[PDB]
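Chemist: Have a look at the structure that comes next, please.
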Amino acid sequence: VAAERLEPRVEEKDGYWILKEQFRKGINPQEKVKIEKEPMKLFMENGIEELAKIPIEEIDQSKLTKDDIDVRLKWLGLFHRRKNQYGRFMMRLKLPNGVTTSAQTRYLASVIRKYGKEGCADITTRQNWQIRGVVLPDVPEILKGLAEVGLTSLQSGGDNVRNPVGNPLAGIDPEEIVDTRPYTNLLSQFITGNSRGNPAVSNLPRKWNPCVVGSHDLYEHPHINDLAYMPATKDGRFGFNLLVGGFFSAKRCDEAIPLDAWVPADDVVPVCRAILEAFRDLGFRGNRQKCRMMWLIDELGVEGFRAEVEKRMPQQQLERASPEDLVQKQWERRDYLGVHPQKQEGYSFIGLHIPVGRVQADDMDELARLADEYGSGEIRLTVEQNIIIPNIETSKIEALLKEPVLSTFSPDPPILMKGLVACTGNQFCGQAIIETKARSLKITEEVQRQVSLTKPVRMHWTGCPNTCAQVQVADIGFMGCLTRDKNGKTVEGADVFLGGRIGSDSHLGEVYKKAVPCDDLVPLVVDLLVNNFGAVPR
Ligand code: SRM
Ligand code: SF4
Ligand SMILES: [Cl-]
Ligand SMILES: [Cl-]
Ligand SMILES: [K+]
């Protein structure tokens with residue numbers, strides 16, 4: 001690699017970071033959008049106030065404003081549902097480590113409640129909240145309300161650092177390695193500039209996913225993150241080994257690889273900055289399918305990329321990885337659903353199943369109520385789109401288990417429901433080929449009626465090749481497709497994946513059978529479970 005390749009391609013101008021004139025050739029359309037107007041201006045210069053006053057029909061009549069609602073607003077966590085819910089916006093937070101409060105949960109519920117049939121909320125595969133039904137004129141008030149309850153939605157979509165994932169048992173687990181909350185909190189604060197916006201990291205070539213590992217279980221899926229912090233002692237000191245470049249896309253899925261770097265715990269933010277700076281400065285900005293950080297690592301080589309991180313560290317030093325980390329390879333991933341003792345004597349947490357991660361405003365109020373009456377007012381989200389309520393006096397558990405809402409959000413659902421994960425799909429998502437949430441519940445219900453099993457088989461449903469529901473990590477994955485019935489009529493289908501493993505012995509699954517009509521999946525899955533996962537016909 002020539003020295004010329006290492007020239008930073010972006011420059012700070014008027015407090016924002018923009019592509020240098022000479023590097024603007026051959027860029028993708030989104031890169032053109034960002035040059036035409038810096039997206040962070042909608043928040044940091046309050047551009048949203050005036051935009052929110054223009055009727056959507058009028059917004060659509062000029063490129064600048066259409067690009068504002070369809071692209072730039074993702075920097076404020078707003079996603080126009082142009083195809084499937086025209087004029088309405090999904091809104092996505094920053095929620096480091098999946099931690100929410102009952103007050104925050106009630107606030108979100110009050111927003112979606114306003115929108116009636118157009119409103120609901122979802123737990124995401126990054127242990128985050130999304131709300132739906134938002135109309136543009138309401139955006140200024142919603143931003144204020146979020147701030148008032150201690151939430152931000154900044155930089156949650158587009159070419160930004162995504163939700164920092166951590167251990168859902170952080171601080172409460174007798175078996176945790178390190179409490180991940182301080183680190184995910186620090187990362188989120190750094191990314192969002194303490195909820196004011198951070199333009200130094202808002203103009204990346206592409207999305208970028210971070211996680212901090214605190215569990216032997218590897219609940220955080222470090223193998224599929226752009227940056228994963230693996231806890232490890234080096235020369236008598238606590239810190240993290242760094243894995244880099246994990247990603248999924250329609251074209252390519254790759255597991256994270258060692259950067260061959262260790263940082264002390266206090267250097268978590270400096271190294272995140274260094275890596276993001278190198279990605280920002282040097283990343284390819286052409287074909288959108290070749291813009292994720294792994295593509296840069298492949299171009300420069302891991303050592304080449306490492307040197308770029310090193311030069312961006314304070315005192316320009318980056319230690320080599322520690323030969324071992326703290327994560328025990330001898331480990332069985334623990335079920336967190338149900339009642340479990342915390343490390344604090346006399347206290348328990350409860351894991352509750354949220355069917356396909358979908359909640360309505362009344363459900364959200366009920367969960368917030370439970371957290372206040374039984375816990376400490378805290379609700380935790382998980383990447384399987386479930387919830388944990390921590391900090392419950394164990395003497396309160398008998399009463400809790402009699403709560404009517406627990407028949408809907410159960411501490412002990414059937415085993416296949418425990419592992420079921422499904423993306424938004426075509427109810428709201430414009431990229432979706434099929435409906436996912438309702439369909440996956442129906443199919444899973446029918447399958448479990450036919451077989452019993454003891455192995456915690458994990459089934460993931462995703463609506464298109466973007467694979468937001470991570471079908472490549474599943475025991476059985478289902479990727480939406482259109483296919484044909486025996487009469488040659490168009491029907492919704494799934495490509496079925498097998499081979500995905502999580503935890504320390506991770507592996508990416510692959511397509512096993514293409515183009516199966518959704519109406520034919522029950523018998524296929526029943527047989528797969530009996531033949532491959534020890535299930536027994538009822
Ligand atoms: C909500 C969520 C799925 C879910 O039901 O939980 C989701 C939903 C969407 N994803 Fe995703 N992604 C979600 C996790 C993921 C993950 C999984 C992960 O992070 O571990 C991936 C695969 C891992 C990865 O990114 O490396 C994922 C890969 C994508 C991609 C393909 C990325 C690529 O490099 O090609 C897109 C399309 C894109 O960005 O170009 C996409 C784009 C989208 C959009 C914003 C598409 C669009 O605007 O309609 C979806 C919004 C639909 C909606 O209304 O909800 N989403 N998306 C997740 C929100 C996470 C969060 O809170 O931030
Ligand atoms: S996998 Fe496809 S259908 Fe599902 S939320 Fe992501 S982009 Fe939409
Ligand atoms: Cl996005
Ligand atoms: Cl759309
Ligand atoms: K769930």
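In the structure tokens, the first chain shown is A, the next is B, and so on; residue numbers restart at 1 for each chain, and ligands run from 1 in the order shown.
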Excluding stretch 121-135 of chain A and its own-chain neighbours fewer than 4 positions away, which residues fall within 6 Å of it when counting only C-alpha atoms? Please give them as a list in words.
Modeler: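 The residues that qualify are residues 88, 89, 90, 91, 92, 95, 98, 115, 357, 358, 359, 381, 382, 383 and 385 of chain A.
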Chemist: Quick one: write out the picked residues with C-alpha atoms as a PDB file, in the first residue's frame?
Modeler:
ATOM      1  CA  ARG A  88     -44.661   8.543   9.620  1.00  0.00           C
ATOM      2  CA  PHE A  89     -41.272   7.951  11.255  1.00  0.00           C
ATOM      3  CA  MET A  90     -39.801   5.194  13.349  1.00  0.00           C
ATOM      4  CA  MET A  91     -37.537   6.644  16.064  1.00  0.00           C
ATOM      5  CA  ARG A  92     -34.534   4.808  17.519  1.00  0.00           C
ATOM      6  CA  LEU A  95     -29.559   3.035  25.005  1.00  0.00           C
ATOM      7  CA  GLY A  98     -29.977  -1.845  27.037  1.00  0.00           C
ATOM      8  CA  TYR A 115     -50.661   7.765  17.344  1.00  0.00           C
ATOM      9  CA  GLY A 357     -40.093  -7.874  20.843  1.00  0.00           C
ATOM     10  CA  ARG A 358     -43.404  -6.086  20.103  1.00  0.00           C
ATOM     11  CA  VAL A 359     -45.212  -3.950  22.711  1.00  0.00           C
ATOM     12  CA  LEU A 381     -33.551  -4.877  27.141  1.00  0.00           C
ATOM     13  CA  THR A 382     -31.809  -7.890  25.605  1.00  0.00           C
ATOM     14  CA  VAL A 383     -30.596  -8.651  22.065  1.00  0.00           C
ATOM     15  CA  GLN A 385     -35.749  -8.706  22.180  1.00  0.00           C
TER      16      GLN A 385
END
Chemist: Throw together the list of residues within 12 Å of ligand 5, counting only C-alpha atoms and all ligand atoms, and drop it here as a PyMOL selection string.
Modeler: chain A and resi 122-125+127+337+351-359+381-388+408-411+413-423+437+440-441+458-461+469
Chemist: Residues within 12 Å of ligand 4, counting only C-alpha atoms and all ligand atoms: report them as an mmCIF file with C-alpha atoms, in the first residue's frame.
Modeler:
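pocket_25.cif, written as the output of this step:
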data_model
loop_
_atom_site.group_PDB
_atom_site.id
_atom_site.type_symbol
_atom_site.label_atom_id
_atom_site.label_comp_id
_atom_site.auth_asym_id
_atom_site.auth_seq_id
_atom_site.Cartn_x
_atom_site.Cartn_y
_atom_site.Cartn_z
ATOM 1 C CA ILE A 69 -36.462 13.314 5.743
ATOM 2 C CA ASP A 70 -35.246 10.165 3.936
ATOM 3 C CA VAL A 71 -31.506 10.340 4.802
ATOM 4 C CA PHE A 79 -36.534 6.843 9.843
ATOM 5 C CA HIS A 80 -39.215 7.766 7.258
ATOM 6 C CA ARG A 81 -41.456 4.741 6.554
ATOM 7 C CA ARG A 82 -41.942 5.993 3.009
ATOM 8 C CA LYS A 83 -43.207 2.791 1.368
ATOM 9 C CA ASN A 84 -45.241 1.169 4.133
ATOM 10 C CA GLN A 85 -46.312 3.976 6.481
ATOM 11 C CA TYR A 86 -45.994 7.151 4.418
ATOM 12 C CA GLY A 87 -45.460 10.368 6.370
ATOM 13 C CA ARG A 88 -44.661 8.543 9.620
ATOM 14 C CA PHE A 89 -41.272 7.951 11.255
ATOM 15 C CA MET A 90 -39.801 5.194 13.349
ATOM 16 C CA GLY A 425 -40.355 -7.042 8.425
ATOM 17 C CA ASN A 426 -42.888 -5.691 5.996
ATOM 18 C CA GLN A 427 -45.471 -4.424 8.497
ATOM 19 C CA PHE A 428 -43.262 -1.262 8.573
ATOM 20 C CA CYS A 429 -39.929 -1.855 6.819
ATOM 21 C CA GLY A 430 -39.769 -0.855 3.127
ATOM 22 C CA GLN A 431 -36.897 -3.274 2.373
ATOM 23 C CA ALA A 432 -38.776 -6.279 3.717
#
Chemist: Using only C-alpha atoms, determine which residues lie at most 10 Å from residue A:390, disregarding the query and same-chain residues fewer than 2 positions distant; provide the list as a PyMOL selection string.
Modeler: chain A and resi 169+171-172+339-342+347-351+371+374-380+387-388+392-393
Chemist: Just the helix (DSSP H, G or I) stuff from stretch 347-513 of chain A, please, per backbone DSSP, written as a PyMOL selection string.
Modeler: chain A and resi 355-357+361-374+394-400+404-407+415-418+425-427+437-450+471-473
Chemist: When you draw a straight line from atom CA of residue A:212 to atom CA of residue A:167, how long is it in Å?
Modeler: 7.6 Å
Chemist: Check the smallest atom-to-atom distance from each of A:304, A:488, A:463, A:166 to residue A:6 using only C-alpha atoms, then report the winner.
Modeler: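 Looking at the shortest contact to residue A:6, the residue is A:304.
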Chemist: Identify which of the residues A:389, A:256, A:108, A:139 lies closest to residue A:52, counting only C-alpha atoms when measuring atom-to-atom distances.
Modeler: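 Looking only at the distances to residue A:52, the closest residue turns out to be A:139.
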Chemist: I'd like to know which of A:266, A:50, A:159, A:475 is closest to ligand 3, using only C-alpha atoms and all ligand atoms.
Modeler: A:159
Chemist: I'd like the neighbourhood of residue A:201 as a PyMOL selection string, where a residue qualifies if any of its atoms comes within 7 Å (using only C-alpha atoms), though same-chain residues fewer than 2 positions away should be ignored.
Modeler: chain A and resi 191+198-199+203-204+276
Chemist: Step by step, measure atom-to-atom distances between ligand 3 and each residue using only C-alpha atoms and all ligand atoms, keep those at most 8 Å, then write them as an MDAnalysis selection string.
Modeler: chainID A and resid 74 79 156:159 207
Chemist: Store the residues of this selection in a file with C-alpha atoms, as a PDB file, in the first residue's frame.
Modeler:
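Heads up, here's the output in selection_19.pdb:
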ATOM      1  CA  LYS A  74     -31.342   9.206  10.519  1.00  0.00           C
ATOM      2  CA  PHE A  79     -36.534   6.843   9.843  1.00  0.00           C
ATOM      3  CA  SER A 156     -28.643   5.860  15.838  1.00  0.00           C
ATOM      4  CA  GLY A 157     -29.028   5.264  12.068  1.00  0.00           C
ATOM      5  CA  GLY A 158     -27.175   6.255   8.878  1.00  0.00           C
ATOM      6  CA  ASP A 159     -23.364   6.364   8.732  1.00  0.00           C
ATOM      7  CA  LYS A 207     -22.602   2.170   9.943  1.00  0.00           C
TER       8      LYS A 207
END
Chemist: Which residue gives the smallest distance to residue A:140 among A:47, A:500, A:116, A:210, with only C-alpha atoms counted?
Modeler: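 Nearest candidate to residue A:140 out of A:47, A:500, A:116, A:210: A:47.
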Chemist: From a backbone DSSP assignment, name each residue in stretch 376-505 of chain A labelled strand (DSSP E), as a PDB file with N, CA and C atoms, in the first residue's frame.
Modeler:
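See selection.pdb below for the written result:
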ATOM      1  N   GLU A 378     -35.967   0.116  37.147  1.00  0.00           N
ATOM      2  CA  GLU A 378     -35.098  -0.179  35.988  1.00  0.00           C
ATOM      3  C   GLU A 378     -35.674  -1.308  35.134  1.00  0.00           C
ATOM      4  N   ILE A 379     -35.575  -1.161  33.814  1.00  0.00           N
ATOM      5  CA  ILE A 379     -35.965  -2.218  32.876  1.00  0.00           C
ATOM      6  C   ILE A 379     -34.766  -2.398  31.941  1.00  0.00           C
ATOM      7  N   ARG A 380     -34.339  -3.642  31.729  1.00  0.00           N
ATOM      8  CA  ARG A 380     -33.241  -3.919  30.803  1.00  0.00           C
ATOM      9  C   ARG A 380     -33.736  -4.642  29.571  1.00  0.00           C
ATOM     10  N   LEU A 381     -33.230  -4.235  28.407  1.00  0.00           N
ATOM     11  CA  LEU A 381     -33.551  -4.877  27.141  1.00  0.00           C
ATOM     12  C   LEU A 381     -32.450  -5.871  26.766  1.00  0.00           C
ATOM     13  N   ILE A 387     -36.910  -8.747  27.987  1.00  0.00           N
ATOM     14  CA  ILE A 387     -36.635  -7.809  29.073  1.00  0.00           C
ATOM     15  C   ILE A 387     -36.157  -8.522  30.318  1.00  0.00           C
ATOM     16  N   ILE A 388     -35.363  -7.811  31.114  1.00  0.00           N
ATOM     17  CA  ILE A 388     -35.036  -8.233  32.473  1.00  0.00           C
ATOM     18  C   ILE A 388     -35.426  -7.097  33.412  1.00  0.00           C
ATOM     19  N   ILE A 389     -36.121  -7.431  34.502  1.00  0.00           N
ATOM     20  CA  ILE A 389     -36.348  -6.465  35.590  1.00  0.00           C
ATOM     21  C   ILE A 389     -35.432  -6.846  36.764  1.00  0.00           C
ATOM     22  N   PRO A 390     -34.372  -6.044  37.000  1.00  0.00           N
ATOM     23  CA  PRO A 390     -33.457  -6.345  38.106  1.00  0.00           C
ATOM     24  C   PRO A 390     -33.887  -5.755  39.454  1.00  0.00           C
ATOM     25  N   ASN A 391     -33.188  -6.182  40.507  1.00  0.00           N
ATOM     26  CA  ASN A 391     -33.239  -5.523  41.813  1.00  0.00           C
ATOM     27  C   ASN A 391     -34.585  -5.720  42.523  1.00  0.00           C
ATOM     28  N   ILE A 392     -35.080  -6.954  42.461  1.00  0.00           N
ATOM     29  CA  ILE A 392     -36.311  -7.344  43.144  1.00  0.00           C
ATOM     30  C   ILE A 392     -35.983  -8.082  44.440  1.00  0.00           C
ATOM     31  N   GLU A 393     -36.467  -7.568  45.567  1.00  0.00           N
ATOM     32  CA  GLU A 393     -36.360  -8.306  46.829  1.00  0.00           C
ATOM     33  C   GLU A 393     -36.971  -9.683  46.624  1.00  0.00           C
ATOM     34  N   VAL A 421     -36.236 -14.866  17.629  1.00  0.00           N
ATOM     35  CA  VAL A 421     -35.861 -13.484  17.308  1.00  0.00           C
ATOM     36  C   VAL A 421     -36.410 -13.163  15.919  1.00  0.00           C
ATOM     37  N   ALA A 422     -37.024 -11.988  15.752  1.00  0.00           N
ATOM     38  CA  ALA A 422     -37.592 -11.606  14.459  1.00  0.00           C
ATOM     39  C   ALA A 422     -37.404 -10.115  14.216  1.00  0.00           C
ATOM     40  N   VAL A 451     -43.919 -30.879  18.835  1.00  0.00           N
ATOM     41  CA  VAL A 451     -42.714 -31.484  19.386  1.00  0.00           C
ATOM     42  C   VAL A 451     -42.353 -30.896  20.733  1.00  0.00           C
ATOM     43  N   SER A 452     -41.756 -31.726  21.579  1.00  0.00           N
ATOM     44  CA  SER A 452     -41.142 -31.255  22.801  1.00  0.00           C
ATOM     45  C   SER A 452     -39.645 -31.331  22.609  1.00  0.00           C
ATOM     46  N   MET A 459     -34.134 -19.685  16.974  1.00  0.00           N
ATOM     47  CA  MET A 459     -34.676 -19.460  15.634  1.00  0.00           C
ATOM     48  C   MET A 459     -34.800 -17.961  15.341  1.00  0.00           C
ATOM     49  N   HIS A 460     -34.170 -17.515  14.254  1.00  0.00           N
ATOM     50  CA  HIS A 460     -34.152 -16.100  13.879  1.00  0.00           C
ATOM     51  C   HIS A 460     -34.840 -15.920  12.537  1.00  0.00           C
ATOM     52  N   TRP A 461     -35.783 -14.980  12.485  1.00  0.00           N
ATOM     53  CA  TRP A 461     -36.496 -14.618  11.254  1.00  0.00           C
ATOM     54  C   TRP A 461     -36.119 -13.223  10.780  1.00  0.00           C
ATOM     55  N   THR A 462     -35.667 -13.104   9.532  1.00  0.00           N
ATOM     56  CA  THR A 462     -35.298 -11.794   9.006  1.00  0.00           C
ATOM     57  C   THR A 462     -36.011 -11.572   7.652  1.00  0.00           C
ATOM     58  N   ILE A 476     -31.566 -22.279  13.610  1.00  0.00           N
ATOM     59  CA  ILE A 476     -32.351 -22.350  12.361  1.00  0.00           C
ATOM     60  C   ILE A 476     -32.727 -20.909  12.047  1.00  0.00           C
ATOM     61  N   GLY A 477     -32.263 -20.438  10.891  1.00  0.00           N
ATOM     62  CA  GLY A 477     -32.522 -19.062  10.421  1.00  0.00           C
ATOM     63  C   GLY A 477     -33.472 -19.077   9.239  1.00  0.00           C
ATOM     64  N   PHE A 478     -34.256 -18.012   9.110  1.00  0.00           N
ATOM     65  CA  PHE A 478     -35.247 -17.901   8.030  1.00  0.00           C
ATOM     66  C   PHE A 478     -35.108 -16.547   7.396  1.00  0.00           C
ATOM     67  N   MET A 479     -34.706 -16.518   6.127  1.00  0.00           N
ATOM     68  CA  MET A 479     -34.526 -15.249   5.422  1.00  0.00           C
ATOM     69  C   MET A 479     -35.625 -15.078   4.381  1.00  0.00           C
ATOM     70  N   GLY A 480     -36.387 -14.006   4.495  1.00  0.00           N
ATOM     71  CA  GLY A 480     -37.486 -13.730   3.576  1.00  0.00           C
ATOM     72  C   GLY A 480     -37.103 -13.751   2.113  1.00  0.00           C
ATOM     73  N   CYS A 481     -38.017 -14.304   1.318  1.00  0.00           N
ATOM     74  CA  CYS A 481     -37.891 -14.367  -0.135  1.00  0.00           C
ATOM     75  C   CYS A 481     -39.285 -14.527  -0.732  1.00  0.00           C
ATOM     76  N   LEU A 482     -39.428 -14.190  -2.013  1.00  0.00           N
ATOM     77  CA  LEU A 482     -40.638 -14.605  -2.731  1.00  0.00           C
ATOM     78  C   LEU A 482     -40.348 -15.919  -3.468  1.00  0.00           C
ATOM     79  N   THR A 483     -41.319 -16.817  -3.476  1.00  0.00           N
ATOM     80  CA  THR A 483     -41.124 -18.087  -4.161  1.00  0.00           C
ATOM     81  C   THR A 483     -42.424 -18.486  -4.846  1.00  0.00           C
ATOM     82  N   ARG A 484     -42.591 -19.775  -5.127  1.00  0.00           N
ATOM     83  CA  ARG A 484     -43.736 -20.227  -5.900  1.00  0.00           C
ATOM     84  C   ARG A 484     -44.375 -21.450  -5.260  1.00  0.00           C
ATOM     85  N   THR A 490     -47.170 -16.708  -6.969  1.00  0.00           N
ATOM     86  CA  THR A 490     -46.289 -16.008  -6.030  1.00  0.00           C
ATOM     87  C   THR A 490     -46.750 -16.211  -4.584  1.00  0.00           C
ATOM     88  N   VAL A 491     -45.835 -16.670  -3.725  1.00  0.00           N
ATOM     89  CA  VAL A 491     -46.098 -16.780  -2.295  1.00  0.00           C
ATOM     90  C   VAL A 491     -44.867 -16.322  -1.514  1.00  0.00           C
ATOM     91  N   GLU A 492     -45.087 -15.880  -0.276  1.00  0.00           N
ATOM     92  CA  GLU A 492     -43.978 -15.563   0.606  1.00  0.00           C
ATOM     93  C   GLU A 492     -43.286 -16.863   1.011  1.00  0.00           C
ATOM     94  N   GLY A 493     -41.965 -16.783   1.104  1.00  0.00           N
ATOM     95  CA  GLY A 493     -41.133 -17.930   1.466  1.00  0.00           C
ATOM     96  C   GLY A 493     -39.966 -17.553   2.358  1.00  0.00           C
ATOM     97  N   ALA A 494     -39.147 -18.551   2.677  1.00  0.00           N
ATOM     98  CA  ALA A 494     -37.931 -18.320   3.424  1.00  0.00           C
ATOM     99  C   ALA A 494     -36.826 -19.211   2.882  1.00  0.00           C
ATOM    100  N   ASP A 495     -35.629 -18.642   2.780  1.00  0.00           N
ATOM    101  CA  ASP A 495     -34.428 -19.463   2.667  1.00  0.00           C
ATOM    102  C   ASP A 495     -34.064 -19.881   4.081  1.00  0.00           C
ATOM    103  N   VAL A 496     -33.854 -21.172   4.288  1.00  0.00           N
ATOM    104  CA  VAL A 496     -33.590 -21.705   5.633  1.00  0.00           C
ATOM    105  C   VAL A 496     -32.084 -21.875   5.828  1.00  0.00           C
ATOM    106  N   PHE A 497     -31.575 -21.304   6.929  1.00  0.00           N
ATOM    107  CA  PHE A 497     -30.177 -21.357   7.332  1.00  0.00           C
ATOM    108  C   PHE A 497     -29.967 -22.341   8.470  1.00  0.00           C
ATOM    109  N   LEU A 498     -28.809 -23.006   8.453  1.00  0.00           N
ATOM    110  CA  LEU A 498     -28.364 -23.852   9.570  1.00  0.00           C
ATOM    111  C   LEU A 498     -26.891 -23.593   9.821  1.00  0.00           C
TER     112      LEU A 498
END
Chemist: I'd like the neighbourhood of residue A:274 as number ranges by chain, where a residue qualifies if any of its atoms comes within 7 Å (using only C-alpha atoms), though same-chain residues fewer than 5 positions away should be ignored.
Modeler: A: 309, 312-313
Chemist: Go ahead and dump the residues you just picked, C-alpha atoms, as a short mmCIF file (atom, residue, chain, number, x, y, z; two decimals), in the first residue's frame.
Modeler:
data_model
loop_
_atom_site.label_atom_id
_atom_site.label_comp_id
_atom_site.auth_asym_id
_atom_site.auth_seq_id
_atom_site.Cartn_x
_atom_site.Cartn_y
_atom_site.Cartn_z
CA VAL A 309 -5.02 3.21 14.89
CA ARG A 312 -4.14 8.18 16.45
CA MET A 313 -3.61 7.07 20.06
#
Chemist: Which polymer residues have any atom within 7 Å of an atom of stretch 215-227 of chain A, counting only C-alpha atoms, with same-chain residues fewer than 4 positions away left out, as a list in words?
Modeler: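 Returned residues: residues 165, 166, 167, 176, 177, 208, 209, 210, 211, 242, 243, 244, 245, 246, 247, 255, 256, 293, 327, 328, 331, 332, 333, 334, 503 and 504 of chain A.
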